[PDB]
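There is one chain below, alone, in structure tokens, taken in the form deposited in one PDB entry.
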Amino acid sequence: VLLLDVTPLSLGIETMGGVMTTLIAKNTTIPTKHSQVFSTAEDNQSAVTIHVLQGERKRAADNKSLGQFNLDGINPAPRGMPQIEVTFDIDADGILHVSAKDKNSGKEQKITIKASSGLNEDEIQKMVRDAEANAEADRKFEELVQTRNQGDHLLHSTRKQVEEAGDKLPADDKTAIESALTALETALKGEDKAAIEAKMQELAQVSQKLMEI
């Protein structure tokens, strides 16, 4: 064949930290479908939002929003336990169907996005040029977000351990840990990955007794 229909930009959803995660790649032939299971980042999250995006940039905020919906009623469970399957399906007429279904509860929600939605030819070209001009920056953004999300987890899991060690943790250890958590919490708000990693390292160095238990 010498011509065919494709979807002209990547399609996906916003994930933790403001990132666009791709479910269908740019220039994929239509019709097409793809699913991916996602979970929750923190304990006891019972409601989630699926924000649908078109584009090639790593910051969700720089892509074209196509719509959104929420999924409610998920049993409050530990971080990473919910299994929420997200399915993008584009039919032969360019209509995009997005669904999310929580496997434990069977709760489901969906949206239909019409084929004329999203960016036009000129904005499509501009998007691809902008993503190429910002490729290094977007890579660095994705690496910062991966570090931030790790560091966020380390703060939470450390505070939980401090709480449950209680008395068994010497005062001087708890003082050192408390001060390292503060520093890490500060570094996470900035945009220097190595500063965050350095603060994780300083926290591990004062945490050894806390992980003896």
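So that there is no doubt, residue numbering starts at 1 and follows the sequence shown.
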Looking at the entry, does 161-169 or 23-31 show the higher mean C-alpha B-factor? 161-169
Of 200-208 and 9-17, the one with larger mean CA B-factor: 200-208
Can you tell me which of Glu85, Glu121, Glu136, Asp130 has the maximum CA B-factor listed in the PDB entry? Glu136
Residue selected from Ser39, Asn44, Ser65, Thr175 by maximal Cα B factor: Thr175
Which third of the chain does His156 land in by C-alpha B-factor: lowest, middle or highest? highest
Chain-wide C-alpha B factor ranking for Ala180, given as lowest, middle or highest third: highest
So, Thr186's CA B-factor, relative to its chain, sits in which third? The highest
Looking at the entry's B-factor column for C-alpha atoms only, identify whether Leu4 ranks in the lowest, middle or highest third of its chain. lowest
Name the third of the chain's ranked CA B-factors that contains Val98, choosing lowest, middle or highest. lowest
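In what follows, reference is made to the form deposited in another entry, a form of this protein that is not presented.
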Take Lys140, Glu123, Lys110, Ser46 and report the one at the hinge of the rigid-body rearrangement between the shown form and the other one. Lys140
